[PDB]
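Trainee: One structure follows; several queries about it will come next.
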Amino acid sequence: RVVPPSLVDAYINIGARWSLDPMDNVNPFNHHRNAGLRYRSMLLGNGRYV
Amino acid sequence: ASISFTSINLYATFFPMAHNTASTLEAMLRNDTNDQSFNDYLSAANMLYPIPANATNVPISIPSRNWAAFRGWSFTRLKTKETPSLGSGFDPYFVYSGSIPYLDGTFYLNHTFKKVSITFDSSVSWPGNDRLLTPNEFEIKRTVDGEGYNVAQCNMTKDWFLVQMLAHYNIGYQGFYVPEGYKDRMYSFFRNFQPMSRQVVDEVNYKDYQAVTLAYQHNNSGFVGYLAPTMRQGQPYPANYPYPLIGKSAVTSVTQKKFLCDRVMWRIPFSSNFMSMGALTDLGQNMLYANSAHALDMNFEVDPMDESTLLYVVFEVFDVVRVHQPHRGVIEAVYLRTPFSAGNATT
Amino acid sequence: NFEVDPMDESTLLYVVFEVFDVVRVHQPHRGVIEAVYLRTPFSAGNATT
Amino acid sequence: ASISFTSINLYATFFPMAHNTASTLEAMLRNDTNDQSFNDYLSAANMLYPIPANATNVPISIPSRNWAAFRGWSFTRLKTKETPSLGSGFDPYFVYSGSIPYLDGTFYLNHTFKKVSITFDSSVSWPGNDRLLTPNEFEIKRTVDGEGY
Amino acid sequence: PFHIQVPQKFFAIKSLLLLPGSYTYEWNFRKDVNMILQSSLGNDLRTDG
Amino acid sequence: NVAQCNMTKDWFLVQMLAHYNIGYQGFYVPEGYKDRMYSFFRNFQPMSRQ
Amino acid sequence: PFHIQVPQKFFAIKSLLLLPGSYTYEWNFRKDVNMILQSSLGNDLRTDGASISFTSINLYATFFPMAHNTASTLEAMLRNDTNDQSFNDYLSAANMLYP
Amino acid sequence: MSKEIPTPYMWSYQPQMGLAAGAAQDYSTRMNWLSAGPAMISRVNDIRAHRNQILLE
Amino acid sequence: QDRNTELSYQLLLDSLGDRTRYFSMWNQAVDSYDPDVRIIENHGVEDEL
Amino acid sequence: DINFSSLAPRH
Amino acid sequence: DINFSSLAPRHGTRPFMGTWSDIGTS
Amino acid sequence: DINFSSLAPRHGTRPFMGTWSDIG
Amino acid sequence: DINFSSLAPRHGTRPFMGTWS
Amino acid sequence: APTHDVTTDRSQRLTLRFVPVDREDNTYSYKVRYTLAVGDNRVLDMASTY
Amino acid sequence: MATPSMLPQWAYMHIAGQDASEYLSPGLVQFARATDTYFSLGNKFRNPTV
Amino acid sequence: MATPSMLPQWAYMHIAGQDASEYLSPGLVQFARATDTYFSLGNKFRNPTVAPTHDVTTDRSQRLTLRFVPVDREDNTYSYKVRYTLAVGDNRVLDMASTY
Amino acid sequence: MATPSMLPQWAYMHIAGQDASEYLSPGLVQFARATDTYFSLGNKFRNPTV
Amino acid sequence: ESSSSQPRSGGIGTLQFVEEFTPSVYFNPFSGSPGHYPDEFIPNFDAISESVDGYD
């Protein structure tokens, strides 16, 4: 499933601090720059067999 | 993904206390006046009430109860798909593996709440001594605000802001100066509260407005893929997507204001003045100056959501245990939960 | 449960739930007016979805 | 059509009376046993429930609630387009301009009701102490007399 | 359009405790846009709109 | 061993009682006062790969 | 097309007298054909092509009609602590199955 | 005759015709459940004795 | 069932030291999000050359 | 959040 | 005994003047 | 030293049975 | 009613009297 | 027999059925939730439910 | 949760206590003789045997 | 007596009553203090913490904030003046740190 | 407050209890019935009908 | 001079509900004849008709 990059480009609410409306109801801890969950993942290493 | 366990050991780390000062200690703690006492950090009676898809209100009813030693409500909103059933080992319908806000405290839907009503006996408002600008009910935020009851650059009510500041730090009557970092933790209200606003073009004042949908929007043409992360396509041409707000053909626009709190549970103390005054509140001891059992009915109002959601209300109580050992290899306890039932209870 | 007739157009059902809605209005001093608003089985904090 | 206001002005009329008569009255009605009290002519909780187009039933469920000091119910049918919302002062979907039967008692769809069933705890038919000749429900109307009902 | 809360900064009544009675409080405000706004280039905002 | 490194749990106990005096009431993160630049905890980084 | 009446067998709700009030009640029902259908040869009915679907499930109940004076006297004496109901499991068991 | 020393009856509240809306047993209290030791029979029902005595007075 | 202790242990450890100091033994390493992802502070790009 | 005061005797 | 069944705080009674069931508590 | 000073040689005297030290 | 003429009460406001100070 | 002093006289159904308030259908199970309500001054036995 | 354990919790759960008609109020006993000829209230209360 | 009736239960279970250092035997109290530097026993016990029930706050017939409309307005060209006639009720006190 | 959680103020709002000639001061009642031909004030006071 | 209203009879106040309705301990539950049983612990009972009617 691929998103249009024109939906969130780099012109979105330019000049303001706003969280997108379809991102307010999205879980933000289900993100890959969650650095707590990055830590736990790589504390077990990069294999799928641990 | 599959996981299995081979070998689980238990490790005990013993202080090598001296023999004859350890026997002094033992003798002391076989007394029933020296019996150890503990309490749960968040003393809670935990209730989950479904919110149907796009429901705007969820009433709560509770039968008559002696509310001796009760402490404030706290509440947050979860998602049905993200919360597993509790009380039953294995939930087969739980097909989610992301963060579980129920158990991790990773709340993020606290900004959809819009009112809370507290009623005892179904006829008397708890905010009924006219403690609030809107006399019955706390309002969490204002939609349709023309009477200026909002704190700085967000929808949050002045009344709500006051309650929260009092709840988590006891400040409101000496101003609203920032808390110290000692008393402003990772899950404290103040830290996680972020106002925000933008201005965006309307149609009820702007007369050259065209609603162009995403497909027919173009901006940065000839340099980006068309509605896909593919290779560039098209020609350099004037853009036509966003509308200026700079100074040259800056269009009329309408402010959108909102806030976000994440990792915060909303909290209303059960206290006559919402500032904290030690663990046992003055209204927990006023159910001993008001011996009786009252019904507790509440009402909440939330934003619609397409996804099914849950309402998680922590009724704060005292979960407290007293652990005695009378004799060697004997341990026992008496457990007490105060306004919610002390035992038998829920399985 | 109310059994209505079919209508071609969208319609609303208007149900009135009759209550007492009484206001005590009294002034105990110059330039001081206060009021208590009570509504009996449906109060000002109790409502249906 | 467009309306302007220039001058929104407030008027008051006072009963002239002696300033001993006036001041006696003030002291009498500054006691809280002489508190004035007022109530609505139609004192009611007012709730609107949709009827989908071509629906034949509307279910209502109300939560467990104390019904001390409860009087009757009344009911009538309105239409979606002929009813504005008063809860939002903004209301751009209202395209009607005729007689609004919500804010004026100009009801006209009270012949489009066939039955109403009232029950408590989903197991007690309220006027079902055999009071009605058809006990478990009221019927507003029926086709076929069925022995002169 | 803006909504803002502005504190009292005067060092005699910003931490004062004020007892019962009726008082007349007035404070005046400044509508000059070179004193209530800040700029990032320090350009005059009264040679601009 | 101590989770996700070669370090032994016997050793870990000794170094936690020598740099912070903790281990008989359980292992916990030191205070900022307790462990500094040249103290154990801040400099101890486990790791693994597959 | 079947129509069946199916009892509860759990021992804490077997013969309880449930007094006035509203109670949620929820129970799960299997749809595995092997589990709920016996055979005389003990085939694999999943393999064979047996299939089942539940359409409509309701919960019947029957109240004794009782004088309201005498059934509120009874209520009074069953809402009391020392008038607790108590049941046994007919076979009280700890089930341990060993290979 | 005597069946325990029982939990008190908590009266409810109502908008007053002059009734107290009945009463019901207190179930926001222990002292009649299980799990502790048999040496707490006069340490937990002495509590329940004390609560009742304060009530009569 | 109406006790919750998994949640309550995360609140315990926010009241005792920092949650941002990671400990690999008992696996403390609090979940976080970057506040530049959730809240988007688009302030353009510094193309000027 | 913040629950309960100092639950340790002052030594 | 071997499998539980011990229950019953009941006897049953019928007042005289015939057998007339229910005494309705004494 | 550009600075303030306040009533501070007296302290919260409260017991672990009441968050308020009484007043006659 | 079939009346087109008010009554007078035939008595002034307040029966009840206070002392001179 | 008793003189109607053991039986209702204010009209109540003997036989009732509670329709589901929720139904969940699945690939191997079915879950049916009901509200089982007992009116005031009525005695319900769970032996007679099915 | 409360005191009953060992011999005490065999008198609370009716494993080894007194009669089944001595746990109960004397009035509930008398109403379970009067009406237990058409509506058995008994057989819902444990009787111990030792 | 005339005391709260939940007081014996609370006292026992340390929701109210006396600090565990008046509740504990005196020998245990001095043991804990002696070995406080390497073997804490403080977190094994509870201290009751209890609000004042009287003379503190009465919320009866009082809002916790008021709004005051202007009673003067000057809408000059560079300045604006507004007056407010404050009313501080009897048996109330105002802190000016929370005026904004 | 936790003590007010009922309304004996269902007679404070006059929908039960006393009629207006019994809950009013006797001086107001005299004033009211001596001025009613030219200034009515009988509509300002609820009378309960029960 | 001026005075204040006539005595009122009705339900008890909420401040005086607490003092009139201290919790009751029944020490010999449901012992003796019916007619000495508390029927005023039933929230459906009326003692000025001695019947329990809830219209359910």
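Residue numbering restarts at 1 for every chain of the structure tokens, chains are lettered A, B, ... in their displayed order, and ligands are numbered from 1 as they appear.
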Which neighbours of residue 48 in chain A fall inside 12 Å, counting only C-alpha atoms, when residues of the same chain fewer than 6 positions from it are skipped, and could you give them as a compact mmCIF listing (two decimals) with N, CA, C and O atoms, in the first residue's frame?
Mentor:
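For reference, out_38.txt as written:
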# COMPACT_ATOMS: atom_id res chain seq x y z
N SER A 41 14.85 -3.68 20.28
CA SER A 41 15.01 -4.47 19.09
C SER A 41 16.44 -4.86 18.81
O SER A 41 16.70 -5.99 18.40
N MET A 42 17.39 -3.92 18.99
CA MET A 42 18.76 -4.08 18.55
C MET A 42 19.60 -4.54 19.70
O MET A 42 20.78 -4.82 19.53
N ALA B 1 6.51 -15.30 13.67
CA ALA B 1 6.95 -15.15 15.04
C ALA B 1 6.42 -16.27 15.89
O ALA B 1 5.25 -16.63 15.81
N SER B 2 7.31 -16.86 16.70
CA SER B 2 6.99 -17.91 17.62
C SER B 2 8.06 -17.76 18.64
O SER B 2 9.12 -17.24 18.36
N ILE B 3 7.77 -18.15 19.88
CA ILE B 3 8.66 -17.96 20.98
C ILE B 3 8.40 -19.10 21.88
O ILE B 3 7.25 -19.49 22.08
N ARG F 49 24.88 -8.90 17.85
CA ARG F 49 24.63 -9.00 16.44
C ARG F 49 24.34 -10.43 16.15
O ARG F 49 24.65 -11.30 16.95
N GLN F 50 23.78 -10.74 14.96
CA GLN F 50 23.69 -12.10 14.47
C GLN F 50 24.51 -12.11 13.22
O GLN F 50 24.49 -11.15 12.45
Trainee: Distance limit 12 Å, atoms considered: only C-alpha atoms. Which chain D residues sit that close to chain G? Return them as a PyMOL selection string.
Mentor: chain D and resi 63-64+120-123
Trainee: Can you superpose chain O onto chain Q by least squares over all C-alpha atoms paired in order and give the moved copy as a PDB file with N, CA and C atoms, in the first residue's frame?
Mentor:
ATOM      1  N   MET O   1     -22.747  21.570  47.033  1.00  0.00           N
ATOM      2  CA  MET O   1     -22.672  22.983  47.479  1.00  0.00           C
ATOM      3  C   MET O   1     -23.329  23.146  48.811  1.00  0.00           C
ATOM      4  N   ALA O   2     -24.481  22.473  49.044  1.00  0.00           N
ATOM      5  CA  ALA O   2     -25.114  22.420  50.338  1.00  0.00           C
ATOM      6  C   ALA O   2     -25.989  21.212  50.320  1.00  0.00           C
ATOM      7  N   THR O   3     -26.606  20.871  51.478  1.00  0.00           N
ATOM      8  CA  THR O   3     -27.324  19.624  51.692  1.00  0.00           C
ATOM      9  C   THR O   3     -28.444  19.272  50.715  1.00  0.00           C
ATOM     10  N   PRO O   4     -29.348  20.114  50.189  1.00  0.00           N
ATOM     11  CA  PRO O   4     -30.568  19.638  49.547  1.00  0.00           C
ATOM     12  C   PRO O   4     -30.385  18.680  48.372  1.00  0.00           C
ATOM     13  N   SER O   5     -30.939  17.445  48.452  1.00  0.00           N
ATOM     14  CA  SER O   5     -30.884  16.447  47.412  1.00  0.00           C
ATOM     15  C   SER O   5     -31.983  15.450  47.636  1.00  0.00           C
ATOM     16  N   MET O   6     -32.478  14.783  46.551  1.00  0.00           N
ATOM     17  CA  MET O   6     -33.663  13.933  46.544  1.00  0.00           C
ATOM     18  C   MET O   6     -34.861  14.690  47.052  1.00  0.00           C
ATOM     19  N   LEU O   7     -35.564  14.179  48.085  1.00  0.00           N
ATOM     20  CA  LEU O   7     -36.684  14.864  48.682  1.00  0.00           C
ATOM     21  C   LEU O   7     -36.316  16.223  49.261  1.00  0.00           C
ATOM     22  N   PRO O   8     -35.213  16.436  49.983  1.00  0.00           N
ATOM     23  CA  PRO O   8     -34.700  17.756  50.305  1.00  0.00           C
ATOM     24  C   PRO O   8     -34.553  18.781  49.203  1.00  0.00           C
ATOM     25  N   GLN O   9     -34.189  18.432  47.935  1.00  0.00           N
ATOM     26  CA  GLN O   9     -34.052  19.446  46.905  1.00  0.00           C
ATOM     27  C   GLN O   9     -35.315  19.590  46.129  1.00  0.00           C
ATOM     28  N   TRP O  10     -36.390  18.884  46.521  1.00  0.00           N
ATOM     29  CA  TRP O  10     -37.684  19.102  45.948  1.00  0.00           C
ATOM     30  C   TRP O  10     -38.458  19.942  46.911  1.00  0.00           C
ATOM     31  N   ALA O  11     -37.830  20.401  48.012  1.00  0.00           N
ATOM     32  CA  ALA O  11     -38.473  21.254  48.968  1.00  0.00           C
ATOM     33  C   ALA O  11     -37.750  22.548  49.010  1.00  0.00           C
ATOM     34  N   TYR O  12     -36.626  22.635  48.280  1.00  0.00           N
ATOM     35  CA  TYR O  12     -35.817  23.808  48.190  1.00  0.00           C
ATOM     36  C   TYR O  12     -36.110  24.461  46.871  1.00  0.00           C
ATOM     37  N   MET O  13     -36.510  23.670  45.859  1.00  0.00           N
ATOM     38  CA  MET O  13     -36.786  24.177  44.541  1.00  0.00           C
ATOM     39  C   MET O  13     -38.264  24.171  44.310  1.00  0.00           C
ATOM     40  N   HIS O  14     -39.051  23.699  45.304  1.00  0.00           N
ATOM     41  CA  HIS O  14     -40.482  23.882  45.373  1.00  0.00           C
ATOM     42  C   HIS O  14     -41.184  23.009  44.374  1.00  0.00           C
ATOM     43  N   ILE O  15     -40.768  21.730  44.311  1.00  0.00           N
ATOM     44  CA  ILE O  15     -41.305  20.733  43.423  1.00  0.00           C
ATOM     45  C   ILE O  15     -42.314  19.923  44.184  1.00  0.00           C
ATOM     46  N   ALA O  16     -42.204  19.896  45.525  1.00  0.00           N
ATOM     47  CA  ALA O  16     -42.929  18.952  46.318  1.00  0.00           C
ATOM     48  C   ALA O  16     -42.923  19.384  47.750  1.00  0.00           C
ATOM     49  N   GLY O  17     -42.605  20.665  48.034  1.00  0.00           N
ATOM     50  CA  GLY O  17     -42.579  21.203  49.376  1.00  0.00           C
ATOM     51  C   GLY O  17     -43.962  21.572  49.847  1.00  0.00           C
ATOM     52  N   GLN O  18     -44.038  22.621  50.699  1.00  0.00           N
ATOM     53  CA  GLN O  18     -45.242  23.131  51.316  1.00  0.00           C
ATOM     54  C   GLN O  18     -45.832  24.189  50.429  1.00  0.00           C
ATOM     55  N   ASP O  19     -46.916  24.868  50.879  1.00  0.00           N
ATOM     56  CA  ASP O  19     -47.585  25.980  50.218  1.00  0.00           C
ATOM     57  C   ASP O  19     -46.630  27.029  49.701  1.00  0.00           C
ATOM     58  N   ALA O  20     -47.074  27.816  48.700  1.00  0.00           N
ATOM     59  CA  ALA O  20     -46.338  28.940  48.172  1.00  0.00           C
ATOM     60  C   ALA O  20     -46.389  30.132  49.068  1.00  0.00           C
ATOM     61  N   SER O  21     -47.343  30.135  50.016  1.00  0.00           N
ATOM     62  CA  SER O  21     -47.574  31.197  50.950  1.00  0.00           C
ATOM     63  C   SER O  21     -47.139  30.760  52.319  1.00  0.00           C
ATOM     64  N   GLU O  22     -46.309  29.693  52.402  1.00  0.00           N
ATOM     65  CA  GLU O  22     -45.751  29.230  53.646  1.00  0.00           C
ATOM     66  C   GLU O  22     -44.261  29.177  53.513  1.00  0.00           C
ATOM     67  N   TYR O  23     -43.728  29.255  52.270  1.00  0.00           N
ATOM     68  CA  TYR O  23     -42.313  29.429  52.037  1.00  0.00           C
ATOM     69  C   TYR O  23     -41.947  30.816  52.476  1.00  0.00           C
ATOM     70  N   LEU O  24     -42.816  31.763  52.070  1.00  0.00           N
ATOM     71  CA  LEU O  24     -42.642  33.171  52.206  1.00  0.00           C
ATOM     72  C   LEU O  24     -42.909  33.599  53.598  1.00  0.00           C
ATOM     73  N   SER O  25     -42.323  34.759  53.963  1.00  0.00           N
ATOM     74  CA  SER O  25     -42.571  35.463  55.189  1.00  0.00           C
ATOM     75  C   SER O  25     -44.025  35.837  55.272  1.00  0.00           C
ATOM     76  N   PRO O  26     -44.645  35.978  56.432  1.00  0.00           N
ATOM     77  CA  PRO O  26     -46.057  36.278  56.521  1.00  0.00           C
ATOM     78  C   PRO O  26     -46.337  37.680  56.080  1.00  0.00           C
ATOM     79  N   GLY O  27     -45.324  38.566  56.127  1.00  0.00           N
ATOM     80  CA  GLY O  27     -45.457  39.945  55.767  1.00  0.00           C
ATOM     81  C   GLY O  27     -45.415  40.142  54.297  1.00  0.00           C
ATOM     82  N   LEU O  28     -44.697  39.272  53.548  1.00  0.00           N
ATOM     83  CA  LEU O  28     -44.670  39.388  52.111  1.00  0.00           C
ATOM     84  C   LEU O  28     -45.943  38.850  51.510  1.00  0.00           C
ATOM     85  N   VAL O  29     -46.601  37.881  52.192  1.00  0.00           N
ATOM     86  CA  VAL O  29     -47.898  37.344  51.843  1.00  0.00           C
ATOM     87  C   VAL O  29     -48.981  38.377  51.941  1.00  0.00           C
ATOM     88  N   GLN O  30     -48.935  39.205  53.008  1.00  0.00           N
ATOM     89  CA  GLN O  30     -49.908  40.222  53.308  1.00  0.00           C
ATOM     90  C   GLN O  30     -49.764  41.430  52.435  1.00  0.00           C
ATOM     91  N   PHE O  31     -48.584  41.601  51.813  1.00  0.00           N
ATOM     92  CA  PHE O  31     -48.283  42.717  50.959  1.00  0.00           C
ATOM     93  C   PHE O  31     -48.486  42.287  49.527  1.00  0.00           C
ATOM     94  N   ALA O  32     -48.870  41.017  49.298  1.00  0.00           N
ATOM     95  CA  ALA O  32     -49.090  40.443  47.998  1.00  0.00           C
ATOM     96  C   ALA O  32     -50.535  40.069  47.934  1.00  0.00           C
ATOM     97  N   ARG O  33     -51.340  40.679  48.820  1.00  0.00           N
ATOM     98  CA  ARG O  33     -52.769  40.606  48.819  1.00  0.00           C
ATOM     99  C   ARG O  33     -53.205  42.026  48.770  1.00  0.00           C
ATOM    100  N   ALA O  34     -52.520  42.904  49.536  1.00  0.00           N
ATOM    101  CA  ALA O  34     -52.804  44.311  49.562  1.00  0.00           C
ATOM    102  C   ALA O  34     -52.578  44.976  48.232  1.00  0.00           C
ATOM    103  N   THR O  35     -51.460  44.652  47.547  1.00  0.00           N
ATOM    104  CA  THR O  35     -51.083  45.361  46.351  1.00  0.00           C
ATOM    105  C   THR O  35     -51.416  44.577  45.121  1.00  0.00           C
ATOM    106  N   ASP O  36     -51.939  43.334  45.251  1.00  0.00           N
ATOM    107  CA  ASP O  36     -52.205  42.505  44.097  1.00  0.00           C
ATOM    108  C   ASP O  36     -53.624  42.711  43.700  1.00  0.00           C
ATOM    109  N   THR O  37     -53.825  43.824  42.978  1.00  0.00           N
ATOM    110  CA  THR O  37     -55.075  44.377  42.536  1.00  0.00           C
ATOM    111  C   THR O  37     -54.677  45.420  41.524  1.00  0.00           C
ATOM    112  N   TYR O  38     -53.353  45.669  41.368  1.00  0.00           N
ATOM    113  CA  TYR O  38     -52.848  46.681  40.490  1.00  0.00           C
ATOM    114  C   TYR O  38     -51.381  46.432  40.252  1.00  0.00           C
ATOM    115  N   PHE O  39     -50.772  45.440  40.939  1.00  0.00           N
ATOM    116  CA  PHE O  39     -49.350  45.232  40.856  1.00  0.00           C
ATOM    117  C   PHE O  39     -49.129  43.896  41.495  1.00  0.00           C
ATOM    118  N   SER O  40     -49.260  42.823  40.684  1.00  0.00           N
ATOM    119  CA  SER O  40     -49.196  41.454  41.127  1.00  0.00           C
ATOM    120  C   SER O  40     -47.773  41.041  41.406  1.00  0.00           C
ATOM    121  N   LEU O  41     -47.458  40.772  42.695  1.00  0.00           N
ATOM    122  CA  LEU O  41     -46.173  40.268  43.124  1.00  0.00           C
ATOM    123  C   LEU O  41     -46.178  38.781  42.995  1.00  0.00           C
ATOM    124  N   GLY O  42     -47.383  38.170  43.058  1.00  0.00           N
ATOM    125  CA  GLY O  42     -47.573  36.752  42.931  1.00  0.00           C
ATOM    126  C   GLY O  42     -47.376  36.345  41.512  1.00  0.00           C
ATOM    127  N   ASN O  43     -47.313  35.017  41.276  1.00  0.00           N
ATOM    128  CA  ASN O  43     -47.038  34.409  39.996  1.00  0.00           C
ATOM    129  C   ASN O  43     -45.572  34.475  39.683  1.00  0.00           C
ATOM    130  N   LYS O  44     -44.737  34.675  40.723  1.00  0.00           N
ATOM    131  CA  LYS O  44     -43.308  34.719  40.589  1.00  0.00           C
ATOM    132  C   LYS O  44     -42.736  33.801  41.616  1.00  0.00           C
ATOM    133  N   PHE O  45     -43.596  33.021  42.306  1.00  0.00           N
ATOM    134  CA  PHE O  45     -43.193  32.095  43.325  1.00  0.00           C
ATOM    135  C   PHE O  45     -43.898  30.832  42.981  1.00  0.00           C
ATOM    136  N   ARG O  46     -43.142  29.716  42.930  1.00  0.00           N
ATOM    137  CA  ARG O  46     -43.638  28.375  42.739  1.00  0.00           C
ATOM    138  C   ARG O  46     -44.566  27.915  43.816  1.00  0.00           C
ATOM    139  N   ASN O  47     -45.598  27.156  43.401  1.00  0.00           N
ATOM    140  CA  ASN O  47     -46.519  26.477  44.266  1.00  0.00           C
ATOM    141  C   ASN O  47     -46.410  25.037  43.823  1.00  0.00           C
ATOM    142  N   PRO O  48     -46.231  24.035  44.669  1.00  0.00           N
ATOM    143  CA  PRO O  48     -46.136  22.659  44.230  1.00  0.00           C
ATOM    144  C   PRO O  48     -47.502  22.033  44.227  1.00  0.00           C
ATOM    145  N   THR O  49     -47.675  20.959  43.429  1.00  0.00           N
ATOM    146  CA  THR O  49     -48.878  20.168  43.384  1.00  0.00           C
ATOM    147  C   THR O  49     -48.393  18.757  43.208  1.00  0.00           C
ATOM    148  N   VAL O  50     -49.030  17.803  43.919  1.00  0.00           N
ATOM    149  CA  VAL O  50     -48.562  16.447  44.032  1.00  0.00           C
ATOM    150  C   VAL O  50     -49.761  15.570  43.842  1.00  0.00           C
TER     151      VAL O  50
END
Trainee: Which neighbours of range 38-42 of chain R fall inside 12 Å, counting only C-alpha atoms, when residues of the same chain fewer than 4 positions from it are skipped, and could you give them as a VMD selection string?
Mentor: (chain G and resid 20 69 to 77 79 to 80) or (chain H and resid 8 to 12 19 to 25) or (chain N and resid 40 to 41) or (chain R and resid 21 23 to 34 46 to 48 50 to 54)
Trainee: Would you list the contacts of residue 137 in chain D as a count of residues only, taking every protein, DNA or RNA residue within 9 Å and counting only C-alpha atoms, but skipping same-chain residues closer than 4 positions in sequence?
Mentor: 9
Trainee: One decimal, in Å: what's the spacing between CA of residue 12 in chain C and CA of residue 94 in chain D?
Mentor: 14.8 Å
